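Below: one structure, written as structure tokens.
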Amino acid sequence: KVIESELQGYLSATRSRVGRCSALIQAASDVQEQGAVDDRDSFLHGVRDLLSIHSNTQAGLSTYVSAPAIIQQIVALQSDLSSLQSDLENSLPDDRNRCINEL
Amino acid sequence: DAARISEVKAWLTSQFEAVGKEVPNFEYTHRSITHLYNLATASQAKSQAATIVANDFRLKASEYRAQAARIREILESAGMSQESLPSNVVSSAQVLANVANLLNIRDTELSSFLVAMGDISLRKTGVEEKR
Amino acid sequence: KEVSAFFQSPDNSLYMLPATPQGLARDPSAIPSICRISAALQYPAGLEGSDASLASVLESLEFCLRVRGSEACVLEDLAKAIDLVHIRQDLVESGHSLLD
Amino acid sequence: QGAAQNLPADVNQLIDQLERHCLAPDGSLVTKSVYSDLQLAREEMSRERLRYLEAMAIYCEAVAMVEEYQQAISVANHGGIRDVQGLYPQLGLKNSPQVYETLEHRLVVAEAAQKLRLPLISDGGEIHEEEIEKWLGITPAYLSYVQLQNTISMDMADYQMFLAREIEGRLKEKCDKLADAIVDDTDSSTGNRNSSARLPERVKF
Amino acid sequence: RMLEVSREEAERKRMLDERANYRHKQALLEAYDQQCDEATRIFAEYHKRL
């Protein structure tokens, strides 16, 4: 009689082997998923490069490429805004002053 | 059609007769066929497929269901308490869960700290003095 | 069972710890606590967490967007800033049009 | 100096005409679908934010009651100085935790699939493996089902003392504490007073 | 001054929500110990010699 109860107790021992990948993943998933982690924050980078969000980076460039090769986004996101300021009379204030000052 | 139908197929559920007026809106997508080489992923993931994983979630809402499971036990421990379900757990867990903290408390108390306090307080300050 | 218990007895007792953070347990929902509420959480895992902890260096040369585009869209501004970058784009050119 | 106007201006101006060129199509729908994500990105998280935010009062402080229970369980061996302050408040603050311990018990076999599964209607696949985890522990409890039925009935009277001391104070500690953090965006210094008064009006701000 | 790090929040879900239902795991540990117990059950009277 007990073996049937022993087998059922053994059944739960081996049935939990299906759940063997249920607990340790919490520490594992928190680290190994950095590819998608940067991807979700890559669309964040899609917002920042606003001079390019209107054409391509909103869909497949910033939100996807910038996750693994984040070094690319360092120049791919500052350029379209550091030129924005630079062309917003920030890198040529002396010219703009005197061009108006002569006026 | 993908770029506009994403804005339409949600509205198209209540626009059966108005299909004939949003179909002309569909061809505005074929303008972005060249962009669709890298815009097809977010073409549907713009309004309806973006409000499931991209913008409404961006994966943040994926766990925001997951926590409340164990929390239900403390709730139901006072929930099977018919004199404590509305008095204690409904009146304390949901008061900051109904209207207030939907978009600025997405962690314990820090989502406002790094975004609202962090950048949403400082985003204007980033440029509004330099330019 | 002992071979299993050598790899299963830790599981059940430990798994009550990720009961509430079962999102952190499951693969398709650990990202929010590793990306979304993580633009400061990834500081201890700075090498691992380049998602938004590196946004400052990402805008190190972009000094206008230093304290603006660093940790904004990580939780709430990914739905609100994007609508307001086209008005920025069309008004910054008006700031370019003043030069014009 | 004829070309000095469009040389800097057209760097972003070409994007401007591109934005008008990509307005209707997906190129600038990213700036026009989020024009609806003011409410379109807040339709599905909000119903799940509540699950996260009803968790606020519980997984942050209504579990922080267990320091009245955990220190006796844990600190009593490693540290004796805190051990004298571990089981002392346990006789009052964690006395209902002993009743709550039965409330932990009764859910495992009965309300695990009814309460620890309710806020995951869409996340039903992953909870089931966690549920079948907690459910597989009832197989030895199949031999002790008698204690799993009358526990709730005996807890009817414990509920009054379960709510008078355990679920009354620290559950409300976290509802107002975290209502402060949101308010602090625009007004941070005096938000602690208005944590329970200016909580709803700040998110819209 | 972004010196907040929500890793505490990631552990706030982890720190003590385990103890809020500390007895879920013991039910499964009883199941895991059941095979130990049932083996002990079948090693009780005649297999006491074992």
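Lettering and numbering for the structure tokens are positional, with chains as A, B, ... in the shown order, residues counted from 1 in each chain, and ligands counted from 1 in the shown order.
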Cut-off 9 Å: closest stretch 47-110 of chain B/stretch 14-20 of chain E atom pairs per residue, using only C-alpha atoms, as a tab-separated table:
```
residue	atom	partner	partner_atom	distance
B:70	CA	E:17	CA	7.1
B:71	CA	E:17	CA	7.9
B:73	CA	E:20	CA	8.1
B:74	CA	E:20	CA	7.4
```
Checklist entry - If you run DSSP on this backbone, which residues of stretch 81-145 of chain D come out as alpha helix (DSSP H), and could you give them as a PyMOL selection string? => result chain D and resi 81-83+95-106+124-136+138-141
Can I get the residues of stretch 52-81 of chain B within 9 Å of stretch 98-119 of chain B, each with the closest pair of atoms and their distance in Å to one decimal, using only C-alpha atoms, sorted chain first then ascending number, as a Markdown table?
```
| residue | atom | partner | partner_atom | distance |
| --- | --- | --- | --- | --- |
| B:60 | CA | B:106 | CA | 7.9 |
| B:61 | CA | B:106 | CA | 8.7 |
| B:64 | CA | B:106 | CA | 7.9 |
```
Checklist entry - Looking at only C-alpha atoms, which of C:71, C:83, C:51, C:93 is the one that sits closest to chain A? => result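 Distance minimum relative to chain A lands on C:51.
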I'd like a table as a Markdown table: residues in chain C with an atom no more than 9 Å from chain D, each row giving the shortest atom pair and its distance in Å to one decimal, only C-alpha atoms counted, sorted by chain and rising residue number.
```
| residue | atom | partner | partner_atom | distance |
| --- | --- | --- | --- | --- |
| C:12 | CA | D:133 | CA | 7.2 |
| C:15 | CA | D:130 | CA | 8.3 |
| C:16 | CA | D:134 | CA | 8.8 |
| C:19 | CA | D:130 | CA | 7.9 |
| C:20 | CA | D:59 | CA | 7.7 |
| C:22 | CA | D:127 | CA | 8.1 |
| C:23 | CA | D:126 | CA | 8.8 |
| C:26 | CA | D:126 | CA | 7.1 |
| C:78 | CA | D:34 | CA | 8.3 |
| C:79 | CA | D:34 | CA | 5.3 |
| C:80 | CA | D:38 | CA | 6.4 |
| C:81 | CA | D:34 | CA | 8.4 |
| C:82 | CA | D:31 | CA | 5.0 |
| C:83 | CA | D:31 | CA | 4.2 |
| C:84 | CA | D:31 | CA | 7.2 |
| C:85 | CA | D:31 | CA | 7.2 |
| C:86 | CA | D:31 | CA | 6.6 |
| C:89 | CA | D:16 | CA | 6.3 |
| C:90 | CA | D:16 | CA | 5.8 |
| C:92 | CA | D:12 | CA | 8.0 |
| C:93 | CA | D:13 | CA | 5.9 |
| C:94 | CA | D:9 | CA | 8.8 |
| C:95 | CA | D:9 | CA | 8.6 |
| C:96 | CA | D:9 | CA | 4.9 |
| C:97 | CA | D:9 | CA | 6.6 |
| C:99 | CA | D:5 | CA | 6.4 |
| C:100 | CA | D:5 | CA | 4.7 |
```
Let me see the file: selected residues, C-alpha atoms, as a PDB file, in the first residue's frame.
```
ATOM      1  CA  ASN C  12      11.184  25.038  -4.596  1.00  0.00           C
ATOM      2  CA  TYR C  15      11.403  30.016  -5.959  1.00  0.00           C
ATOM      3  CA  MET C  16       9.288  31.579  -3.221  1.00  0.00           C
ATOM      4  CA  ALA C  19       7.184  34.785  -6.095  1.00  0.00           C
ATOM      5  CA  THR C  20       6.468  38.513  -6.274  1.00  0.00           C
ATOM      6  CA  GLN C  22       8.177  36.214 -10.963  1.00  0.00           C
ATOM      7  CA  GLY C  23       8.610  38.663 -13.808  1.00  0.00           C
ATOM      8  CA  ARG C  26      10.496  34.475 -16.115  1.00  0.00           C
ATOM      9  CA  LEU C  78       8.886  57.019 -24.375  1.00  0.00           C
ATOM     10  CA  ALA C  79       5.229  57.898 -25.087  1.00  0.00           C
ATOM     11  CA  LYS C  80       5.350  61.684 -24.583  1.00  0.00           C
ATOM     12  CA  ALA C  81       8.738  62.980 -25.764  1.00  0.00           C
ATOM     13  CA  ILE C  82       8.424  61.527 -29.276  1.00  0.00           C
ATOM     14  CA  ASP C  83       5.353  63.630 -30.068  1.00  0.00           C
ATOM     15  CA  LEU C  84       7.286  66.747 -29.034  1.00  0.00           C
ATOM     16  CA  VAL C  85      10.494  66.147 -31.010  1.00  0.00           C
ATOM     17  CA  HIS C  86       8.832  67.051 -34.326  1.00  0.00           C
ATOM     18  CA  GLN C  89      12.525  69.777 -35.074  1.00  0.00           C
ATOM     19  CA  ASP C  90      10.207  72.307 -36.740  1.00  0.00           C
ATOM     20  CA  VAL C  92      14.749  74.486 -33.922  1.00  0.00           C
ATOM     21  CA  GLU C  93      14.806  75.261 -37.645  1.00  0.00           C
ATOM     22  CA  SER C  94      12.966  78.446 -36.705  1.00  0.00           C
ATOM     23  CA  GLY C  95      15.987  78.891 -34.462  1.00  0.00           C
ATOM     24  CA  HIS C  96      17.927  78.104 -37.620  1.00  0.00           C
ATOM     25  CA  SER C  97      15.595  80.464 -39.500  1.00  0.00           C
ATOM     26  CA  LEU C  99      20.038  82.787 -38.675  1.00  0.00           C
ATOM     27  CA  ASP C 100      18.308  82.663 -42.063  1.00  0.00           C
TER      28      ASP C 100
END
```
Checklist entry - Using only C-alpha atoms, which chain A residues lie at most 8 Å away from chain B, written as a VMD selection string? => result chain A and resid 40 55 to 56 58 to 61 85 88 90
Writing out the chosen residues with N, CA and C atoms as a JSON list (two decimals), in the first residue's frame:
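See out_19.json below for the written result:
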```
[["chain", "number", "residue", "atom", "x", "y", "z"],
["A", 40, "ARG", "N", 15.23, 47.62, -25.51],
["A", 40, "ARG", "CA", 14.13, 48.45, -25.04],
["A", 40, "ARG", "C", 14.59, 49.87, -24.75],
["A", 55, "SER", "N", 13.03, 59.73, -39.69],
["A", 55, "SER", "CA", 13.28, 58.99, -40.92],
["A", 55, "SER", "C", 13.45, 57.49, -40.69],
["A", 56, "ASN", "N", 14.45, 57.07, -39.92],
["A", 56, "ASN", "CA", 14.68, 55.63, -39.83],
["A", 56, "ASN", "C", 14.86, 55.11, -38.41],
["A", 58, "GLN", "N", 13.52, 55.49, -35.69],
["A", 58, "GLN", "CA", 12.33, 55.19, -34.90],
["A", 58, "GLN", "C", 11.88, 53.75, -35.05],
["A", 59, "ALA", "N", 12.31, 53.05, -36.09],
["A", 59, "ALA", "CA", 11.76, 51.74, -36.42],
["A", 59, "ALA", "C", 12.79, 50.62, -36.35],
["A", 60, "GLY", "N", 13.93, 50.77, -37.02],
["A", 60, "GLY", "CA", 14.87, 49.67, -37.09],
["A", 60, "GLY", "C", 16.33, 50.00, -36.85],
["A", 61, "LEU", "N", 16.67, 51.28, -36.78],
["A", 61, "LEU", "CA", 18.08, 51.65, -36.66],
["A", 61, "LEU", "C", 18.51, 51.84, -35.21],
["A", 85, "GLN", "N", 22.72, 71.85, -32.46],
["A", 85, "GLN", "CA", 23.17, 73.03, -31.73],
["A", 85, "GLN", "C", 24.19, 73.82, -32.54],
["A", 88, "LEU", "N", 22.55, 75.62, -34.85],
["A", 88, "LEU", "CA", 21.69, 76.56, -34.14],
["A", 88, "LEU", "C", 22.54, 77.66, -33.53],
["A", 90, "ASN", "N", 25.27, 77.97, -32.26],
["A", 90, "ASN", "CA", 25.98, 77.71, -31.01],
["A", 90, "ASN", "C", 27.47, 77.48, -31.22]]
```
Item to check | For chain B, the nearest of the candidates D:119, D:138, D:81, D:102, counting only C-alpha atoms | outcome: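 Nearest to chain B: D:119.
Between chain A and the residues D:197, D:141, D:154, D:57, the shortest atom-to-atom distance, using only C-alpha atoms, involves D:141.
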Item to check | At most 9 Å to chain B: residues in chain C, only C-alpha atoms, as a count of residues only | outcome: 35
Next on the checklist: Please report the interatomic distance between atom CA of residue A:14 and atom CA of residue E:24 in Å with one decimal.
Outcome noted: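 The value is 18.3 Å.
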Exercise answer, chain A residues close to chain C, 6 Å and only C-alpha atoms, as a compact mmCIF listing (two decimals) with C-alpha atoms, in the first residue's frame:
```txt
# COMPACT_ATOMS: atom_id res chain seq x y z
CA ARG A 20 13.61 22.60 -12.29
CA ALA A 23 13.75 29.30 -9.52
CA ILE A 25 16.37 31.64 -13.67
CA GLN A 26 15.54 34.76 -11.63
CA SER A 29 17.46 36.04 -16.41
CA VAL A 37 17.48 45.06 -22.13
CA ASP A 38 19.51 47.48 -24.25
CA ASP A 41 16.40 51.32 -24.02
CA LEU A 44 14.88 55.29 -25.81
CA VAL A 47 13.80 59.26 -29.07
CA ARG A 48 16.96 61.23 -28.29
CA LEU A 50 15.33 63.38 -32.84
CA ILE A 74 27.57 57.23 -29.17
CA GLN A 78 25.25 62.94 -30.56
CA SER A 82 25.54 68.34 -31.65
CA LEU A 88 21.69 76.56 -34.14
```
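You will find atom CA of residue D:110 at 8.8 Å from atom CA of residue D:149.
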Distance cut-off 9 Å, counting only C-alpha atoms - which residues of chain E neighbour chain B? Return them as a PDB file with N, CA, C and O atoms, in the first residue's frame.
```pdb
ATOM      1  N   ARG E   1      23.911  63.481  -9.547  1.00  0.00           N
ATOM      2  CA  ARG E   1      23.073  63.247  -8.378  1.00  0.00           C
ATOM      3  C   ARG E   1      21.979  62.220  -8.635  1.00  0.00           C
ATOM      4  O   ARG E   1      21.096  62.054  -7.782  1.00  0.00           O
ATOM      5  N   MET E   2      22.010  61.527  -9.776  1.00  0.00           N
ATOM      6  CA  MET E   2      21.193  60.331  -9.971  1.00  0.00           C
ATOM      7  C   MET E   2      21.844  59.215  -9.158  1.00  0.00           C
ATOM      8  O   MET E   2      22.605  58.385  -9.662  1.00  0.00           O
ATOM      9  N   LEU E   3      21.529  59.205  -7.865  1.00  0.00           N
ATOM     10  CA  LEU E   3      22.139  58.314  -6.883  1.00  0.00           C
ATOM     11  C   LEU E   3      21.060  57.535  -6.144  1.00  0.00           C
ATOM     12  O   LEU E   3      21.046  57.443  -4.915  1.00  0.00           O
ATOM     13  N   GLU E   4      20.132  56.961  -6.903  1.00  0.00           N
ATOM     14  CA  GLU E   4      18.942  56.316  -6.361  1.00  0.00           C
ATOM     15  C   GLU E   4      18.923  54.802  -6.516  1.00  0.00           C
ATOM     16  O   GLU E   4      18.491  54.115  -5.590  1.00  0.00           O
ATOM     17  N   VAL E   5      19.401  54.273  -7.651  1.00  0.00           N
ATOM     18  CA  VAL E   5      19.483  52.847  -7.994  1.00  0.00           C
ATOM     19  C   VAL E   5      18.315  52.009  -7.468  1.00  0.00           C
ATOM     20  O   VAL E   5      18.243  51.678  -6.279  1.00  0.00           O
ATOM     21  N   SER E   6      17.412  51.615  -8.369  1.00  0.00           N
ATOM     22  CA  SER E   6      16.235  50.839  -7.995  1.00  0.00           C
ATOM     23  C   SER E   6      16.525  49.354  -7.819  1.00  0.00           C
ATOM     24  O   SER E   6      15.584  48.551  -7.832  1.00  0.00           O
ATOM     25  N   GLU E   8      17.264  48.110  -5.115  1.00  0.00           N
ATOM     26  CA  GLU E   8      16.491  47.826  -3.912  1.00  0.00           C
ATOM     27  C   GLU E   8      15.070  47.414  -4.265  1.00  0.00           C
ATOM     28  O   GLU E   8      14.519  46.485  -3.665  1.00  0.00           O
ATOM     29  N   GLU E   9      14.459  48.101  -5.234  1.00  0.00           N
ATOM     30  CA  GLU E   9      13.128  47.713  -5.687  1.00  0.00           C
ATOM     31  C   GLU E   9      13.132  46.307  -6.270  1.00  0.00           C
ATOM     32  O   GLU E   9      12.254  45.494  -5.955  1.00  0.00           O
ATOM     33  N   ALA E  10      14.111  46.003  -7.126  1.00  0.00           N
ATOM     34  CA  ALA E  10      14.227  44.649  -7.652  1.00  0.00           C
ATOM     35  C   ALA E  10      14.365  43.638  -6.526  1.00  0.00           C
ATOM     36  O   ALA E  10      13.874  42.510  -6.639  1.00  0.00           O
ATOM     37  N   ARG E  12      13.232  44.583  -3.393  1.00  0.00           N
ATOM     38  CA  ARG E  12      12.045  44.796  -2.567  1.00  0.00           C
ATOM     39  C   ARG E  12      10.997  43.734  -2.857  1.00  0.00           C
ATOM     40  O   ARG E  12      10.327  43.238  -1.944  1.00  0.00           O
ATOM     41  N   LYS E  13      10.838  43.383  -4.133  1.00  0.00           N
ATOM     42  CA  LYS E  13      10.042  42.221  -4.496  1.00  0.00           C
ATOM     43  C   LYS E  13      10.648  40.942  -3.933  1.00  0.00           C
ATOM     44  O   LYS E  13       9.933  39.958  -3.710  1.00  0.00           O
ATOM     45  N   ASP E  17       8.968  39.276   0.466  1.00  0.00           N
ATOM     46  CA  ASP E  17       7.756  38.662  -0.062  1.00  0.00           C
ATOM     47  C   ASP E  17       7.831  37.145  -0.012  1.00  0.00           C
ATOM     48  O   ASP E  17       6.792  36.479  -0.069  1.00  0.00           O
ATOM     49  N   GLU E  18       9.041  36.592   0.088  1.00  0.00           N
ATOM     50  CA  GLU E  18       9.195  35.160   0.308  1.00  0.00           C
ATOM     51  C   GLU E  18       8.601  34.744   1.648  1.00  0.00           C
ATOM     52  O   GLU E  18       7.927  33.711   1.744  1.00  0.00           O
ATOM     53  N   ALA E  20       6.250  36.330   3.321  1.00  0.00           N
ATOM     54  CA  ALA E  20       4.813  36.572   3.389  1.00  0.00           C
ATOM     55  C   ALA E  20       4.010  35.317   3.082  1.00  0.00           C
ATOM     56  O   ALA E  20       2.837  35.235   3.456  1.00  0.00           O
ATOM     57  N   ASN E  21       4.609  34.352   2.391  1.00  0.00           N
ATOM     58  CA  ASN E  21       4.027  33.030   2.197  1.00  0.00           C
ATOM     59  C   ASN E  21       5.117  31.979   2.367  1.00  0.00           C
ATOM     60  O   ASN E  21       5.274  31.068   1.552  1.00  0.00           O
TER      61      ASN E  21
END
```
